[PDB]
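Commentary on secondary and tertiary structure
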There are 2 protein chains.
Amino acid sequence: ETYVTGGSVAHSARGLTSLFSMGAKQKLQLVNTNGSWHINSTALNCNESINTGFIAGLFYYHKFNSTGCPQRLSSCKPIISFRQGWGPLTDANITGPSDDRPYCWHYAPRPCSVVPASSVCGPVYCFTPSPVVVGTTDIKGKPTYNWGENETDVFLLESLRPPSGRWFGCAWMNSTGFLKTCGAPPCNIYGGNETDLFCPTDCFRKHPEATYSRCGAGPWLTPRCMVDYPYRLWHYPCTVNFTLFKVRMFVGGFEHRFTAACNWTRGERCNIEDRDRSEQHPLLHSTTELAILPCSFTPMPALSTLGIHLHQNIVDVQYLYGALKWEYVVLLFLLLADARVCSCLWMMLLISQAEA
Amino acid sequence: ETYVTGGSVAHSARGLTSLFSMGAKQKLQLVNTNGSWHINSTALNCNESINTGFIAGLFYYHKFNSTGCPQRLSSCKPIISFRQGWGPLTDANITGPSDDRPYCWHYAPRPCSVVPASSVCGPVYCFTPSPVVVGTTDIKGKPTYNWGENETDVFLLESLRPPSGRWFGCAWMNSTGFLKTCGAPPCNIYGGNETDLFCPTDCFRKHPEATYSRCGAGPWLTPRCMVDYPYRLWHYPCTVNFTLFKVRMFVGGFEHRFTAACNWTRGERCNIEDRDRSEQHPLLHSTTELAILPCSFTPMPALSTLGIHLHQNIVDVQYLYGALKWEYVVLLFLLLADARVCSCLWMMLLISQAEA
Ligand SMILES: *[C@@H]1O[C@H](CO)[C@@H](O[C@@H]2O[C@H](CO)[C@@H](O[C@@H]3O[C@H](CO)[C@@H](O)[C@H](O)[C@@H]3O)[C@H](O)[C@H]2NC(C)=O)[C@H](O)[C@H]1NC(C)=O
Ligand SMILES: *[C@@H]1O[C@H](CO)[C@@H](O[C@@H]2O[C@H](CO)[C@@H](O[C@@H]3O[C@H](CO)[C@@H](O)[C@H](O)[C@@H]3O)[C@H](O)[C@H]2NC(C)=O)[C@H](O)[C@H]1NC(C)=O
Ligand SMILES: *[C@@H]1O[C@H](CO)[C@@H](O[C@@H]2O[C@H](CO)[C@@H](O[C@@H]3O[C@H](CO)[C@@H](O)[C@H](O)[C@@H]3O)[C@H](O)[C@H]2NC(C)=O)[C@H](O)[C@H]1NC(C)=O
Ligand SMILES: *[C@@H]1O[C@H](CO)[C@@H](O[C@@H]2O[C@H](CO)[C@@H](O[C@@H]3O[C@H](CO)[C@@H](O)[C@H](O)[C@@H]3O)[C@H](O)[C@H]2NC(C)=O)[C@H](O)[C@H]1NC(C)=O
Ligand SMILES: *[C@@H]1O[C@H](CO)[C@@H](O[C@@H]2O[C@H](CO)[C@@H](O[C@@H]3O[C@H](CO)[C@@H](O)[C@H](O)[C@@H]3O)[C@H](O)[C@H]2NC(C)=O)[C@H](O)[C@H]1NC(C)=O
Ligand SMILES: *[C@@H]1O[C@H](CO)[C@@H](O[C@@H]2O[C@H](CO)[C@@H](O[C@@H]3O[C@H](CO)[C@@H](O)[C@H](O)[C@@H]3O)[C@H](O)[C@H]2NC(C)=O)[C@H](O)[C@H]1NC(C)=O
Ligand SMILES: *[C@@H]1O[C@H](CO)[C@@H](O[C@@H]2O[C@H](CO)[C@@H](O)[C@H](O)[C@H]2NC(C)=O)[C@H](O)[C@H]1NC(C)=O
Ligand SMILES: *[C@@H]1O[C@H](CO)[C@@H](O[C@@H]2O[C@H](CO)[C@@H](O)[C@H](O)[C@H]2NC(C)=O)[C@H](O)[C@H]1NC(C)=O
Ligand SMILES: *[C@@H]1O[C@H](CO)[C@@H](O[C@@H]2O[C@H](CO)[C@@H](O)[C@H](O)[C@H]2NC(C)=O)[C@H](O)[C@H]1NC(C)=O
Ligand SMILES: *[C@@H]1O[C@H](CO)[C@@H](O[C@@H]2O[C@H](CO)[C@@H](O)[C@H](O)[C@H]2NC(C)=O)[C@H](O)[C@H]1NC(C)=O
Ligand SMILES: *[C@@H]1O[C@H](CO)[C@@H](O[C@@H]2O[C@H](CO)[C@@H](O)[C@H](O)[C@H]2NC(C)=O)[C@H](O)[C@H]1NC(C)=O
């Protein structure tokens, strides 16, 4: 039976919180719009503070009328559906209309340019692996000079890859409540019935070295897991059901720690092919057990030896705790032979190779 | 007394190797040239194979006539000599003549462009943290079109930062016998008697977040240490006295392991200010002892707590092996009070914060 150990779930992180007792009055529910399913932005208070939004997200665990969520998610595809990849990576060129629904894990965004705050509701979140909030500054002052009309305090992101730039990608909702995100260019894996995946994240199974650091640009680490943040339920509705995990990234030399949610349910077939690469780092750095994303692994070989050791029935666990007898025997035989010159040569060879 | 433990030295990695008995006949020594000190390219066989050059480097431990080395090194400067840095990084733009001697650790190179092989001797080495050799391919065929005249098989590097590109920087020695190197653009740390350091490496002490991954482009990790490779003496002569160490980088998500040498002698004052940031990772991943670069550290905090623990006398060591009694006592007092609602609230708070 496939299950987890360290999986923390926030579906009922509440008790006797009936002081509000009803959605804290900012009802969050999906509606259809000419065959399109987004959040009902009408009631959906917009100009709140960070603490008010934090309380609102705190009270949202149960009242989710997830009715149209399946048919909305029908647009998304599993990683299997795409075609193979090969060759050296290239940087894609996202242009023209993007008919794809952005909430899918594999949505290629446009480069993060300027954006007027007159058409955004809620905070805007950039996703240097540890999520961050982005503020504003008045457009009327700077020569940015009126992308719209009498607007003020436009957001600007304009970031390169986080090792050089500031963040991978950022997300928000526009005024009508539709998800809108941008990010760094993703990886094309073909230039050098199915569809060509543009790999906005760690598409390990479809391309070997397309790691998150090189390719990923956005909230998605694996096609199964994502980085959590206070407005995660805000921006992405359907991912309510997810379970949290502890993550240590270590991107760009610096250290990054945060939480991650996942498309995980007990009993999912996860034999060997449903494993995705993700660069983790030890949290406690001991006990030889690593809490890793479910249906995943990390490229850190074990202590004594190499070869990733993973448990059949629990996927979140990464195992550790899985010598030159020949050379020592040869050296001892040489010593018995008393060939000191040969003994000295063997000692030098061991120092160069065995000892080094 | 300041000394090391894991420091391996290859100054006498030899014994009874007198078959050649003289430098394998390609005697290597420095000479002056109009006030400039480069290698004796005259004798200096050029068209050797990898194995022949490897044997040559194997036999080069003792016959190094270190006469002009000090006055040649007089051009280099210690990290103290430069000025402070601040603000967000920028990418510098190296143009025009570069009068600085490239062998200094702090030499800013030009972008790695094409280069005709008719003016290079020996292998060319690109320094993706684990050093690699670069081959050639005929210039006459492709759209390169004859940089010189009737030349063939020119080198091309044209790489971005290794997370996106292929290597940080590459080096070689040009036909007349002078070091020639290129690399990714370095970090300017001021745009956003002493001189302005352009930071081609991990200039941690002069700029806090100028890590190697963001800034470094070339063989130098620290102003004290440098990644080793077979033709290290071939390119940099004066660095013979260096001592080797093991290094685990973890660059761009992938894993890198190689050897590093350092400007280290016993007795160097290394109290607290002579420590340079460098990202290592555990080799054996146990025993709580890390063999790191001397006079350095690593942003990988200890197991139980944080705070880099470093021994006063031996520098190569990084120490590991340096709880909510308050909350537990509060919860237990609440339980004794039998305030179940308060007890439930405390349990939820602990789950949200203490347990998470
Ligand atoms: C979390 O994981 C579950 C499990 O994969 C996801 O449910 C899956 O959603 C897809 C998309 O609609 C379903 O595929 C579709 O099935 C219909 C009906 O067979 C078919 O007509 C479509 O062509 C498409 O193949 C899939 O059946 C469904 N699987 C299960 C077990 O429910 C869910 O969407 C994921 N949610 C998130 C937020 O990641
Ligand atoms: C918030 O984002 C949504 C998602 O894109 C926006 O909806 C889209 O809005 C554009 C223009 O506002 C619509 O384009 C117009 O519609 C026709 C329909 O064929 C299209 O062909 C033309 O290009 C025309 O310009 C687009 O259809 C519409 N799509 C959906 C699914 O609603 C919405 O306008 C954004 N609102 C704000 C305030 O930013
Ligand atoms: C996240 O997990 C919860 C826990 O089960 C899911 O809630 C359950 O979802 C199913 C699917 O719609 C509900 O079944 C339907 O219920 C309605 C109303 O009772 C009924 O009219 C339908 O015929 C069908 O039986 C189920 O009631 C519901 N249970 C609870 C306690 O909410 C939830 O659906 C999961 N998230 C997503 C996006 O699926
Ligand atoms: C390895 O480390 C040693 C120790 O720093 C380096 O030796 C140092 O080299 C510099 C450069 O010439 C010397 O500074 C110069 O000193 C002269 C004489 O005082 C002065 O006139 C110059 O203006 C300049 O300040 C420094 O004294 C010298 N220190 C020692 C202890 O020898 C050596 O160059 C390093 N080698 C490599 C390959 O890294
Ligand atoms: C191999 O690399 C060395 C190191 O740069 C080259 O030596 C340099 O060569 C240039 C032109 O060949 C010399 O520039 C010339 O010298 C005067 C001196 O005032 C300079 O003002 C002019 O710009 C003139 O072009 C440069 O002085 C010289 N420097 C040294 C230290 O030797 C060498 O030419 C390269 N060899 C090949 C075959 O590419
Ligand atoms: C690497 O370490 C070796 C070991 O000490 C250094 O070799 C020594 O270098 C000193 C400095 O030049 C030599 O002293 C000089 O020796 C010459 C010839 O004997 C003498 O005429 C001078 O008056 C002065 O005393 C010393 O002899 C030499 N020892 C050996 C065994 O080679 C070497 O210099 C170091 N590397 C560098 C680049 O400095
Ligand atoms: C969840 O939202 C759906 C949206 O369709 C609700 O379905 C509608 O419910 C009303 C009354 O409850 C009916 O008059 C409509 O005909 C329903 N729509 C359809 C398409 O059948 C559903 O009731 C909501 N459920 C909850 C628990 O809020
Ligand atoms: C482990 O070995 C098996 C056979 O020993 C390999 O092939 C799998 O065999 C099972 C048994 O029928 C199939 O259900 C799987 O579909 C096979 N794998 C594939 C990729 O087709 C395989 O080397 C290993 N098993 C798996 C599941 O990969
Ligand atoms: C180092 O370079 C010098 C050039 O100044 C070489 O000196 C000449 O080398 C040639 C070739 O062996 C001889 O024919 C000349 O007689 C040498 N002249 C002098 C004044 O030395 C020297 O041989 C080189 N050393 C090497 C290659 O080991
Ligand atoms: C190391 O190189 C220096 C070159 O400066 C050699 O010193 C020269 O020796 C010659 C004769 O042997 C004389 O012209 C001078 O004594 C030096 N020339 C200078 C200083 O310009 C030195 O002999 C070499 N060492 C060894 C061991 O060969
Ligand atoms: C260790 O603490 C000392 C004082 O408690 C700090 O200042 C150093 O004090 C010594 C004693 O005279 C001086 O020699 C050093 O020059 C002082 N440091 C500096 C940077 O000037 C300091 O926090 C620590 N020591 C050092 C060398 O940094």
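Rules and cut-offs
- Residues numbered from 1 in each chain as written, not as in the entry; some residues may be left out.
- Chains lettered and ligands numbered in written order.
- Heavy atoms only, no water.
- Residues with missing side-chain atoms left out of burial classes, pairs and counts.
- Helix = DSSP H or I, 4+ residues; strand = E, 2+ residues; numbered from the N terminus.
- Salt bridge = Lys/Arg side-chain N within 4 Å of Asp/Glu carboxyl O.
- Buried < 20%, exposed > 50% of the residue type's maximum accessible area, 1.4 Å probe, protein only.
- Pairing = 2+ DSSP bridges.
- Axes fitted to C-alpha atoms, helices over the stretch in contact; angles between N-to-C directions.
- Near = heavy atom within 4 Å.
- Polar contact = N/O pair within 3.5 Å; in protein donor to acceptor, adjacent residues only side chain to side chain.
- Areas by Shrake-Rupley, 256 points an atom, 1.4 Å probe, with all protein chains shown as cover.
- Nonpolar A, V, L, I, M, F, W, Y, C, P; charged D, E, K, R; others polar.
- Contact = heavy atoms within 4.5 Å.
- Buried area = accessible area lost by both parts, 1.4 Å probe.
- Patch = residues over 30% accessible without salt bridge, like charges linked within 9 Å, V, L, I, M, F, W, Y side chains within 5 Å.
- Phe/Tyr/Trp six-rings, centres within 6.5 Å; stacked < 30°, edge-to-face > 60°.

As documented in the archive entry, the model was determined using cryo-EM at 3.55 Å resolution.

To continue, consider the overall build of chain A. Summing up its helical and strand segments, chain A has 5 helices and 16 strands in all. Along the three orthogonal principal directions, the C-alpha set of chain A runs to about 90 × 50 × 45 Å.

This next bit is on the pattern of salt bridges. Side-chain pairs of opposite charge can arise whenever the charged atoms involved come near each other. Residues and elements named next belong to chain A. Counted according to the given criterion, the structure contains 23 salt bridges over all chains. Between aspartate 228 and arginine 232 there is a salt bridge whose closest N-O contact spans 2.8 Å. The same class applies to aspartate 228 as to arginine 232, namely buried. The structure contains a network of salt bridges with shared partners spanning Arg205, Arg269, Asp274 and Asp276.

Strand pairing in a sheet relies on backbone hydrogen bonds, with the paired strands running either antiparallel or parallel. All names here are of chain A. Reading across from one edge, β9-β11-β10 is the order of the 3 strands in this open sheet, with antiparallel pairing throughout. The open sheet has two edge strands, β9 (225-227) and β10 (243-248), and neither has a second partner. Neighbour to neighbour, the strand axes of the sheet diverge by 35° on average, direction disregarded. In this structure, β10 lies alongside strand β11 (residues 257-262), joined through 6 bridges in antiparallel fashion.

Residue and element names in this part refer to chain B. Residues in contact with ligand 9, as listed here, are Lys27, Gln29, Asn40, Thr42 and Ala43. One of the side-chain nitrogen or oxygen atoms of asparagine 40 is found 2.4 Å away from an oxygen atom of ligand 9. Taking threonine 42, its side chain carries an N or O atom lying 2.7 Å from an oxygen atom of ligand 9. Starting from 570 Å² of accessible surface for ligand 9 in isolation, the protein chains cover 29%. Classifying every residue of the shell around ligand 9 by side-chain character gives 1 nonpolar, 3 polar and 1 charged.

All names here are of chain A. Around ligand 2 sit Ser36, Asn174, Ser175, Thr176, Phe178 and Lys180, and those are all the residues in its vicinity. Side-chain polar atom of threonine 176 to a nitrogen atom of ligand 2: 2.6 Å apart, as the coordinates give it. Class assignment of the residues belonging to the shell around ligand 2 gives a composition of 1 nonpolar, 4 polar and 1 charged.

At the interface, 23 residues of chain A touch 24 residues of chain B. Both sides of the chain A and chain B interface together cover about 2100 Å² of buried area, and 67% of this is carbon and sulfur. The three residues of chain A that bury the most area against chain B are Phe250, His285 and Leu303 of chain A, which together make up 25% of that side's buried surface. Connecting chain A to chain B are 0 salt bridges. Taken together, the residues of the side of chain A that touches chain B break down into 10 nonpolar, 8 polar and 5 charged.

This part covers unusual backbone geometry. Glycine aside, a negative phi is what most residues show, and trans is what most peptide bonds show. With phi around 60°, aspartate 153 of chain A is a residue other than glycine that occupies positive phi space. Topologically, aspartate 153 of chain A is positioned in the loop between β5 (132-134) and β6 (169-174). Notably, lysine 25 of chain B is not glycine yet its phi reads approximately 75°, a positive angle. Structurally, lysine 25 of chain B is set in the segment before β1 (30-33). Judged by its relative accessible area of 60%, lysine 25 of chain B falls in the exposed class.

This brings us to a nonpolar patch on the surface. All names here are of chain A. A contiguous nonpolar patch, built from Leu19, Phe20, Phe54, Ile55 and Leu58 and spanning about 480 Å² of accessible area, is present on the exposed surface. The residue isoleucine 55 is located in helix α1 (residues 50-58) in this model. Among the residues examined, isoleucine 55 registers a relative accessible area of 36% and is labelled partly exposed.

Residue and element names in this part refer to chain B. Note on placement: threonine 243 falls in strand β10 (residues 243-248). Between the C-alpha atom of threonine 243 and that of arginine 224, which follows or precedes it by 19 residues, the distance is 11 Å. The residues contacting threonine 243, other than those within four sequence positions of it, are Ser8, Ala260, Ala261, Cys262 and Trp264.

We now examine the packing of aromatic side chains. Residues and elements named next belong to chain B. Under the criterion given, the structure shown has 16 aromatic pairs over all chains. An angle of 40° between the planes, with centres 4.8 Å apart, marks the rings of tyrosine 125 and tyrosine 229 as tilted. Note on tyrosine 125: relative accessible area 4%, which makes it buried. Among the residues examined, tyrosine 229 registers a relative accessible area of 5% and is labelled buried. The interplanar angle of 55° and the centroid separation of 5.7 Å between the aromatic rings of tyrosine 231 and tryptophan 234 together place this pair among those described as tilted.

All names here are of chain A. In spatial order, the strands read β13-β16-β15; together these 3 strands make up an open sheet with antiparallel pairing. Looking at strand neighbours, the two that pair on one side only are β13 (289-291) and β15 (309-310), the edges of this open sheet. Pairing of β13 with strand β16 (residues 317-319), which is carried by 3 bridges, proceeds in the antiparallel orientation. Opposite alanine 291, over in β16, you have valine 317 as the bridge partner.

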